[PDB]
Amino acid sequence: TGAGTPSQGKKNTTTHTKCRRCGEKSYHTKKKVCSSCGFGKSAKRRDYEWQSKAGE
Amino acid sequence: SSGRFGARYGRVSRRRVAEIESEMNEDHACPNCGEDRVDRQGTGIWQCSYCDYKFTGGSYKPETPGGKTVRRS
Amino acid sequence: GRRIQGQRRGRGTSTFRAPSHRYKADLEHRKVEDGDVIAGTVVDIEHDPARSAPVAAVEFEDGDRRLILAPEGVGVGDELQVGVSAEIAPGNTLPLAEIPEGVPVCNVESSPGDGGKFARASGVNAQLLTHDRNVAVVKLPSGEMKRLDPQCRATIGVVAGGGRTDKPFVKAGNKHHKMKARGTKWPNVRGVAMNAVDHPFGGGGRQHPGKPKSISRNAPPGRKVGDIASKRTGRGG
RNA sequence: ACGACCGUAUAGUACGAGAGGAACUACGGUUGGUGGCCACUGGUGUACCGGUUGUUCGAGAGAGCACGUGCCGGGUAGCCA
RNA sequence: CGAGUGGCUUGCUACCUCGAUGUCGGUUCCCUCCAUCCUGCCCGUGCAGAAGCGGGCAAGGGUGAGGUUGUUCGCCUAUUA
RNA sequence: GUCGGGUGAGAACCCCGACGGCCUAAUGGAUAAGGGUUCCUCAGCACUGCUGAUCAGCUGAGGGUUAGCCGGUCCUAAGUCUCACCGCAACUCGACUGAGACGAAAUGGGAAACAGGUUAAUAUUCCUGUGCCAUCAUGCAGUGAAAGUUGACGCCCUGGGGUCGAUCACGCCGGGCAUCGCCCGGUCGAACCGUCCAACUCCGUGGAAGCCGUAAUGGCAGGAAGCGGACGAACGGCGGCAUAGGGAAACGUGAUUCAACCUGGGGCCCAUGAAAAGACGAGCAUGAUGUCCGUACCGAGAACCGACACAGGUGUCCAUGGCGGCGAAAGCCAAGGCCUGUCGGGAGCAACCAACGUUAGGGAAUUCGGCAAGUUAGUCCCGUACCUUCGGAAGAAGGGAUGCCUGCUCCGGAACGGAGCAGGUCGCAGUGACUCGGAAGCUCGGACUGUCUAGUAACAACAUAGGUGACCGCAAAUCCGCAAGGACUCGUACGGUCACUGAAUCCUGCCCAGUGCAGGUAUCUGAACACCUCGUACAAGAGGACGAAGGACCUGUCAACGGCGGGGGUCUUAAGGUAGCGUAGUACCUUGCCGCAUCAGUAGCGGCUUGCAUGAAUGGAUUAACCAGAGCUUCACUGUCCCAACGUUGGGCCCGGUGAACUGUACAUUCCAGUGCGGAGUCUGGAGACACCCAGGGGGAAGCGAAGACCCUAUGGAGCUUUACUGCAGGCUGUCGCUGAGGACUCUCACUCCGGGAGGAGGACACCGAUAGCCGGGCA
RNA sequence: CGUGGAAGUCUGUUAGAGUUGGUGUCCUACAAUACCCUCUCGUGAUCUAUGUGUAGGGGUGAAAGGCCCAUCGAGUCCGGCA
Ligand SMILES: COC(=O)C[C@](O)(CCCC(C)(C)O)C(=O)O[C@@H]1C(OC)=C[C@]23CCCN2CCc2cc4c(cc2[C@H]13)OCO4
Ligand SMILES: [Cl-]
Ligand SMILES: [Cl-]
Ligand SMILES: [Cl-]
Ligand SMILES: [K+]
Ligand SMILES: [Mg+2]
Ligand SMILES: [Mg+2]
Ligand SMILES: [Mg+2]
Ligand SMILES: [Mg+2]
Ligand SMILES: [Mg+2]
Ligand SMILES: [Mg+2]
Ligand SMILES: [Mg+2]
Ligand SMILES: [Mg+2]
Ligand SMILES: [Mg+2]
Ligand SMILES: [Mg+2]
Ligand SMILES: [Mg+2]
Ligand SMILES: [Mg+2]
Ligand SMILES: [Mg+2]
Ligand SMILES: [Mg+2]
Ligand SMILES: [Mg+2]
Ligand SMILES: [Mg+2]
Ligand SMILES: [Mg+2]
Ligand SMILES: [Mg+2]
Ligand SMILES: [Mg+2]
Ligand SMILES: [Mg+2]
Ligand SMILES: [Mg+2]
Ligand SMILES: [Mg+2]
Ligand SMILES: [Mg+2]
Ligand SMILES: [Mg+2]
Ligand SMILES: [Mg+2]
Ligand SMILES: [Mg+2]
Ligand SMILES: [Mg+2]
Ligand SMILES: [Mg+2]
Ligand SMILES: [Mg+2]
Ligand SMILES: [Mg+2]
Ligand SMILES: [Mg+2]
Ligand SMILES: [Mg+2]
Ligand SMILES: [Mg+2]
Ligand SMILES: [Mg+2]
Ligand code: NA
Ligand code: NA
Ligand code: NA
Ligand code: NA
Ligand code: NA
Ligand code: NA
Ligand code: NA
Ligand code: NA
Ligand code: NA
Ligand code: NA
Ligand code: NA
Ligand code: NA
Ligand code: NA
Ligand code: NA
Ligand code: NA
Ligand code: NA
Ligand code: NA
Ligand SMILES: [Sr+2]
Ligand SMILES: [Sr+2]
Ligand SMILES: [Sr+2]
Ligand SMILES: [Sr+2]
Ligand SMILES: [Sr+2]
Ligand SMILES: [Sr+2]
Ligand SMILES: [Sr+2]
Ligand SMILES: [Sr+2]
Ligand SMILES: [Sr+2]
Ligand SMILES: [Sr+2]
Ligand SMILES: [Sr+2]
Ligand SMILES: [Sr+2]
Ligand SMILES: [Sr+2]
Ligand SMILES: [Sr+2]
Ligand SMILES: [Sr+2]
Ligand SMILES: [Sr+2]
Ligand SMILES: [Sr+2]
Ligand SMILES: [Sr+2]
Ligand SMILES: [Sr+2]
Ligand SMILES: [Sr+2]
Ligand SMILES: [Sr+2]
Ligand SMILES: [Sr+2]
Ligand SMILES: [Sr+2]
Ligand SMILES: [Sr+2]
Ligand SMILES: [Sr+2]
Ligand SMILES: [Sr+2]
Ligand SMILES: [Sr+2]
Ligand SMILES: [Sr+2]
Ligand SMILES: [Sr+2]
Ligand SMILES: [Sr+2]
Ligand SMILES: [Sr+2]
Ligand SMILES: [Sr+2]
Ligand SMILES: [Sr+2]
Ligand SMILES: [Sr+2]
Ligand SMILES: [Sr+2]
Ligand SMILES: [Sr+2]
Ligand SMILES: [Sr+2]
Ligand SMILES: [Sr+2]
Ligand SMILES: [Sr+2]
Ligand SMILES: [Sr+2]
Ligand SMILES: [Sr+2]
Ligand SMILES: [Sr+2]
Ligand SMILES: [Sr+2]
C-alpha cells in the first residue's frame, strides 16, 4: 500500500473543529485543546514571539 | 498423542508433550473418595466427576514429588 | 545513537506495561489482631492470569470473600486457618516461630505483616531450618539461607501448579499467548542483529558483538548490555 | 540478381610398380540469395454448416449468453509458405 | 640486428564534456576496410598422380548450427567450399 | 445500443414505447464515518459536465427533516481532564495519591411500538387502528424488602427445540403458452395479551450387583431404568388481536430441509476470556406527565479522502432468490438497478501497436534462465518408490472409469439425500462449456507457521520453539524522571531482567598471554576534608603523616572479545586446529584431477582434496517435513526457436465537436571531406538542392527531461565508530552537613522502612544536599 | 474395525489479508505507487472497524535505519535568519 493516494482514503476522522473561545477550526475534539488559542490548555491566550520577526 | 503436530517440531518437543499429556488424561485417584475419576479443568486445577471435588495440584500431574513431601512432616 | 530497548522499558508505556486491568487479586495475608479465631471455607479454585498457577477463593467467618495463594492439595470444602494458634496443616497461615523445623513453606513475608514476598511461583517452596528467639533461618527456592524475623507469616505447603516448566512451549504461538498476559515486550530481536545506532552490539558486515560481552556494574544505562557484571562465563572450567 | 556445392558421363581413364587416382567438356540435382505467384500440398478462415455441455425463453421447434467463436468437428474465397 | 606501417590490444597524457554525450556482453539493421578463410585466375614446389605446403592478383558473393560460460575471449561437437 | 415517437429555436446522447443488452456480496436493499442542502418543485444555460444538451450533483428563487417507546441523552471500558497535594527558578510543565467529571450515535450495557395509510419532499416521528414503559397523583391491596437472581461475557466440536426462506404434494384465484399440457405469480394478516413446554436441576416412588444412555463423552446401592411430581424456553405453537389491515381475486392444507431465535452435551489453556448503571425479587384501578438534541439527501467507477464528476482508498448488516455443484465457486437467470466504468461519424478498416485465437513438420534448436505460453486438471476404483523425526513422503508415480435412456436393488423416517445393478443407445470428444495439479530426480539455504525494506530487495535476512551464559532474595536486579515520583509489579527465582545461539539427532576439542568482567591482595601507588611541620602577627603557598574505590600484583572465567602459526627432529604471542566438513554462497591458482551425463557440459552431481584464506552456540556436521528462496537433470507440453502466416477485439487513418503539454539565442534544403577547445546543419572546399503537404519507423540535432549520485576539491554538512582531542551525564568510593547518648564497640532521640493500630526492623548508618578520586562513545 | 474431530494442518479468487513473475499495460498516467494475468495466506504469532496510549535525539520497530499524515541516518511549522 502506497503512503500517497491510497492512504488518503482512510481519512474520515474529525479532529480539528470550530473553537468555543477563538472561532478558529483548531479545537482538537479528541485532545480537547485548541491549537490556535490554547483553549483547554491555558487560561491565557496562546501567543509566541516567533509568530513575528524578532525586531517586530 | 502428538499426531496433531504432524511432521513438525522434532523428537524431544513432541515426545515430552506426549508423555506429559498421557499422564494427564490418565485415570487419577480422588482425595475425597477413592475413584479413578479426576480430570483437568485448567492449569493446576483438578476435579472429580463423582463428588464434585475441585482441587489444586500440579500443572499436568495432580500430585507433584514435592507435594507428597508435605504429607510426611 | 538512539535509546536502547531497555531504556524504552522504564518509561512505562502500554507495550511494556502488564495488563493489570485483567488481573484478579493482590494475594496478601489477612490482617488478624491476636486470637486465631479467624478461619474459612474454600469456595472455588480459580486460575490466576498474573502467575499462571491456581488461586483459592476463600470465604471467612466474618464474611470476607478474598482470593488466597493456593498451595498444593487444597480443595472446595476444606477449612483453612489463619492466626498464631493455627493448625499445622497444608494451606494454613501462621508465623515462622509456630511452624516446626523441616516443614516446606510458601508465601513467606520479608518484614512481619507485609503479606508475603518470597516463594510464590508455581511449585516452589521455602524450607524452614533453624529456630531461635531472634531469628528463623529459611532456605529460599534459589538455595539462599535467608535470616528472617520469626514473626513473619507463611503458608504451609509447596505452591500449586508444580512442573509447569517441564513441558516445552513447542511453538511461538503458545509463547505469544503467555506473554500477552505478562508485562513483557516479545519477541526478542538480538542486539547483534540491529544497527549500531540502536544497540552497542549492532553494526558490522557480519553478526558478532563489538567489544566483549561482560560489562562493568558501573556502566550507564544505554551501555549495560550483554553479560552484566559476570563473575565468570561459559560452562566448562 | 545471382553466389556456391554435390552427383553422372569423361573414367577406374591420364599419372603411378602398386596403393591410389584426376581434367577439359556435357549433363542432372542441392544449397544460400533474389523477384513473383496460389493450379497443387499446407496454414488460416470469431464467412459458413454440423455435433454437443450449462442456463434462460414452459416442452417442441427455434434462439440468447458462457470475451469478444462456450467447447468440439469440417471448412469456401482471399491472404499466405 | 636493422627499417617501418597500422591505430584492433595495452600503457602514457590530461586537450574536450562533470547546469550528465546512458558503461559490458548479446541482439537486430545498414555501410565499409583488406593484412583473403572459401570461391575465380595465377607462380613456385622437397610439383608423377591424388591430396598438400608456400607465394601473387583479387573485397563480386559467402563465411553457417550447436554444448559449458553474463561473458568479449576461449574450450568443445557435428556439419562446411 | 437501435427503430419509432414526445418536447424544443435547436436533440446521437432530455423523456415515452418497443427491440437488444449490462450488474447478482453487487452496478441491488439498509446504514457508520465523512460531506452539508448536494434532497423536492419551478424557472434557466453565462459557469461547471472529457462532445451536445431542452438534462443535471450546474445557475436563481421557493419548499422540505414532526418521536414518551429509533438514536442521543444515562452507565461504566482502555483511558482523559479538573480540583487539592507535592515538584519546578517558573508555568500553559510534571509523576503519585485523593475527590469530581469526561470517555461507546454503525459495533459494549440499556424501561417501552407494532400494522396500515398519507407527501413533490418526512415518517416505528404525521394520520388511523391497536399496544407497551416509566414517573407521579388518587383509591384498593401490602407490610413484606434483602438475601438472592439478572445485567454478565473465551475458543473448538456437537445434539435437541424452531421461524423466515427454499423446495415437494394437492386445492383455490389470476396470468402466460398454444401440436403437447406445461410454465409463472398469488393464495396475506403484526406488536401485544393469554396460554403450551423441550433441555437443565431437583423431589417422591422404585430397587438394577450389570443394566440405563449418547452423534460422542458417559451414568449408577453415595441408588440405574421405569413411574409420578416440583422448577422451567423460543424473535416458536396455539387463541385473542382481526365483521383491524391489506388484496382484482383466491384470501390453502400437509410436508421436508431448516438462517434467526431458544436450550443442552463435550473438549482446550505455561492463554482463563469487562465493568458499571439498570432490572428482577416486589400486586392492581383510574388519571396526569413524558421536556431537550438528531431526523432532508449521498454513502460512492459523480454527494466521503485522494487539487478532478480520479480505473485508487473507505467500516457494518442483507451469507437462505432459482438452475448448477462440495460450495457464500464458475457459468446462466430472477427481484431490484442500469445503458453515466458517458463524445460521436466513416473506411473488409493499410503499416504499426495493445489484448487475443489458430497454425503443417520439427519440439527448447530460443534464452543468462522454458522468461512468455502451454501441458495436467473435477469424481470413483485399482495402485503407489527412496527416505523418515513413524507424523509424513502421498493426490508420489502409474492404470482404468465417467453421457443419455428403460427398469431396478441397497442405506436411511425421509429428502426434490447417498451408494450400486441389468438392458438399451449417440458423438471425434460424456469433469463434453464452466470449474479443474503437469510429473519425477539430484544439490545449496533456512528446521517448520510466521516477519520485513508503505513507493525497484519477500530472501539464505528478522522472529520462533529449543540450547546456553549473565544479574538479582524484592528496601533486589534491570529501566524512566530535573524533582515530586514511576515501569517491571494485582509480579517473587518453576520468577524476570540482560545477552548469545537458533527445531530434532550426533556433538561441541585446545588456549586466560592481550582485551573484558569478577574475586583477592603482604607490599607499592592512590584525591579532598581533618591533623602535624615550615611560611605569613593572619592568608596565599611548600612539605609530611594517614589512605577509599581504582591501578600495580595474584587468581577465576572462552556457550567473554577472540586465537588455534612459522621453523625443526622449539619461536612468536596463550595454545598450535580435535569430531567433522572441504575446489564450499568460504579455493586465488581454476574451466583443479578422475568419474557421471551430452554429439559437444567454465554448468550440475559424486569422488579426491595439500583448505590462497574450512571447523565446532563467532556453533560443526546432518537431516524427515515445509518453501512465490539459489543451481542442475529427465518425461510430458508447446509459435521460445526453425519462420513466419491468417484471423479476432480496441486503437491507429479520414470526418464533426472538444482541446492541452514538453520544448524554442538566432539562422536553418542538406551531404562528403577538411578545419576548429582534438565529437560542425551554420567555418573552408566541393557535391547536391524547385516549394508546400500526408503517413512512417526513430539515424542525427554529442535530441528532450535532472546545476553528475561516480571522481576530486572546500581549513562544507550530517549519521556512525573508537584505546582521536576535549568535555557532559551515570555508577563506584572518601569526606562535610543532616548527626544524637555511652581503631574497635554499645545505645536511642533524629532519620528510613514494615505494621490499620499497638507496635516491630534498622539507626546515627541509609536517604538527601555538597565536594573529592576512579570508571565512564551512554551522550555532546 | 468403528467412534471421536485435534491441528501456528492441507485444497480453496468464501469473506478477508498479502504481493512472486510478466522485468506485460501505464509512465505529460485513471493513479505523485494505478491496471491486468499469474502467485501466497486464509482457526490463527489471523484479519478488521471504532475508541484509546506512546512525540522528535524522542516514540514505535519479529530490525529493513523500517515507520511517526506524499516529509525520516533524526517529522513538521515558525523563529534565530538577511
Ligand atoms: C560510472 O558510470 C556512470 O556513472 C554512468 C552514468 O552515471 C550514466 C548516467 C545516465 C543518465 C542518468 C545521464 O541518463 C554517467 O553519468 O556516465 C557519464 C555520462 O552521462 C551523461 C556520459 C559519460 C560522459 C562521457 C561519455 N560517457 C558515456 C556514459 C558513461 C559510461 C561510463 C562512465 C562514464 C560515462 C559518462 O564510466 C564508465 O562507464
Ligand atoms: Cl516465559
Ligand atoms: Cl440516529
Ligand atoms: Cl447431547
Ligand atoms: K561528463
Ligand atoms: Mg500479592
Ligand atoms: Mg526457557
Ligand atoms: Mg502486551
Ligand atoms: Mg531473537
Ligand atoms: Mg541490518
Ligand atoms: Mg545496513
Ligand atoms: Mg551506539
Ligand atoms: Mg551467525
Ligand atoms: Mg555470531
Ligand atoms: Mg543521445
Ligand atoms: Mg593484396
Ligand atoms: Mg563489398
Ligand atoms: Mg427541469
Ligand atoms: Mg426518502
Ligand atoms: Mg464519472
Ligand atoms: Mg507447429
Ligand atoms: Mg544460443
Ligand atoms: Mg512460467
Ligand atoms: Mg429402506
Ligand atoms: Mg555450489
Ligand atoms: Mg524460512
Ligand atoms: Mg519495496
Ligand atoms: Mg516471500
Ligand atoms: Mg532462546
Ligand atoms: Mg530460555
Ligand atoms: Mg538466521
Ligand atoms: Mg565440483
Ligand atoms: Mg568453543
Ligand atoms: Mg553539479
Ligand atoms: Mg561517494
Ligand atoms: Mg562532520
Ligand atoms: Mg511507604
Ligand atoms: Mg561522538
Ligand atoms: Mg487503533
Ligand atoms: Na606507426
Ligand atoms: Na551492447
Ligand atoms: Na570478396
Ligand atoms: Na559459445
Ligand atoms: Na452523453
Ligand atoms: Na407466545
Ligand atoms: Na442453492
Ligand atoms: Na499458515
Ligand atoms: Na586471555
Ligand atoms: Na577460525
Ligand atoms: Na501465436
Ligand atoms: Na531520430
Ligand atoms: Na548523514
Ligand atoms: Na482412534
Ligand atoms: Na499483484
Ligand atoms: Na510463506
Ligand atoms: Na529531531
Ligand atoms: Sr481511520
Ligand atoms: Sr490540559
Ligand atoms: Sr506569550
Ligand atoms: Sr500492604
Ligand atoms: Sr505484596
Ligand atoms: Sr557489531
Ligand atoms: Sr570446555
Ligand atoms: Sr567424378
Ligand atoms: Sr581401387
Ligand atoms: Sr458471443
Ligand atoms: Sr477441457
Ligand atoms: Sr589492395
Ligand atoms: Sr583460395
Ligand atoms: Sr572487449
Ligand atoms: Sr579465458
Ligand atoms: Sr444505500
Ligand atoms: Sr445555448
Ligand atoms: Sr436530483
Ligand atoms: Sr456519559
Ligand atoms: Sr448500542
Ligand atoms: Sr435440527
Ligand atoms: Sr432517511
Ligand atoms: Sr469503490
Ligand atoms: Sr491498489
Ligand atoms: Sr431484471
Ligand atoms: Sr457527457
Ligand atoms: Sr480451426
Ligand atoms: Sr535447455
Ligand atoms: Sr541452450
Ligand atoms: Sr489418471
Ligand atoms: Sr507492509
Ligand atoms: Sr541443534
Ligand atoms: Sr585474562
Ligand atoms: Sr587436519
Ligand atoms: Sr510516430
Ligand atoms: Sr542531484
Ligand atoms: Sr490453515
Ligand atoms: Sr523483477
Ligand atoms: Sr492503459
Ligand atoms: Sr510506475
Ligand atoms: Sr501475459
Ligand atoms: Sr490455502
Ligand atoms: Sr530564516
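Residues numbered from 1 in each chain as written, not as in the entry; some residues may be left out. Chains lettered and ligands numbered in written order. Part of a larger assembly, values for the part shown. Heavy atoms only, no water.

This deposited entry lists X-ray crystallography as its structure determination method and 2.700 Å as its resolution.

Caption draft 1: Examining the interface of chain C and chain B more closely. Across the boundary between the two partners, chain C contributes 31 residues, which contact 25 residues of chain B. Counting each side, the surface lost to burial between chain C and chain B is near 2,200 Å², with a carbon and sulfur contribution of 63%. For chain C, the biggest contributors to the area lost against chain B are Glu-72, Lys-167 and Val-170 of chain C; these three give 29% of the whole. For the interface between chain C and chain B, the tally reads 2 salt bridges. (Contact = heavy atoms within 4.5 Å. Buried area = accessible area lost by both parts, 1.4 Å probe. Salt bridge = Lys/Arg side-chain N within 4 Å of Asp/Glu carboxyl O.)

Caption draft 2: A look at the environment of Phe-16 of chain C. Residue and element names in this part refer to chain C. In this structure, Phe-16 sits in the loop between α1 (5-9) and β1 (39-48). Residues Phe-16 and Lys-185, 169 residues apart in the sequence, show an inter-C-alpha distance of 5.7 Å. Filtering out sequence-adjacent residues up to four positions away, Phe-16 remains in contact with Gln-5, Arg-8, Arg-9, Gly-183, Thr-184 and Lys-185. (Helix = DSSP H or I, 4+ residues; strand = E, 2+ residues; numbered from the N terminus.)

Caption draft 3: Representation of unusual backbone geometry within the structure. With omega at 0°, the peptide bond leading from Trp-186 of chain C into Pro-187 of chain C counts as cis. Topologically, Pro-187 of chain C is positioned in the loop between α2 (172-179) and β11 (214-215). One non-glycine residue, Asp-52 of chain B, lies in the positive phi region at around 60°. Inspection of the secondary structure assignment puts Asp-52 of chain B in the loop between β2 (45-48) and β3 (54-56). Phi at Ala-119 of chain C is positive, roughly 45°, even though this residue is not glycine. Following the sequence through the fold, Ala-119 of chain C ends up in the loop between β6 (104-106) and β7 (126-130). Classification of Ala-119 of chain C as buried rests on a relative accessible area of 7%. (Buried < 20%, exposed > 50% of the residue type's maximum accessible area, 1.4 Å probe, protein only.)

Caption draft 4: View of the domain arrangement of chain C. Residues and elements named next belong to chain C. Assigned domains of chain C: these are domain 1 (1-78), domain 2 (82-159) and domain 3 (160-237). For domain 1 versus domain 2, the separation of C-alpha centres amounts to 18 Å. Tallying the contact residues gives 17 residues for domain 1 and 23 residues for domain 2. Both faces combined, the contact of domain 1 with domain 2 buries some 1,500 Å², and carbon together with sulfur accounts for 53% of it. Broken down residue by residue, the surface that domain 1 buries against domain 2 is led by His-29, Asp-36 and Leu-69, which jointly contribute 41%. At the boundary of domain 1 and domain 2, one finds 0 salt bridges. (Domains from an automatic or database assignment.)

Caption draft 5: A look at the protein's contact with RNA strand F. What surrounds RNA strand F is a group of 133 residues, the closest being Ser-20, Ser-142, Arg-190, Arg-217 and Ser-230 of chain C. Here a phosphate oxygen of RNA strand F and a side-chain polar atom of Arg-17 of chain C are 2.6 Å apart. Elements with a contribution of two residues or more to the surface near RNA strand F: α1 (11-22) of chain B together with α1, α2, β11 and β12 (227-228) of chain C. No other element matches α2 of chain C, which puts 4 residues into the surface near RNA strand F. Here the residues of the surface near RNA strand F are counted per class, giving 43 nonpolar, 52 polar and 38 charged. (Near = heavy atom within 4 Å. Polar contact = N/O pair within 3.5 Å; in protein donor to acceptor, adjacent residues only side chain to side chain. Nonpolar A, V, L, I, M, F, W, Y, C, P; charged D, E, K, R; others polar.)

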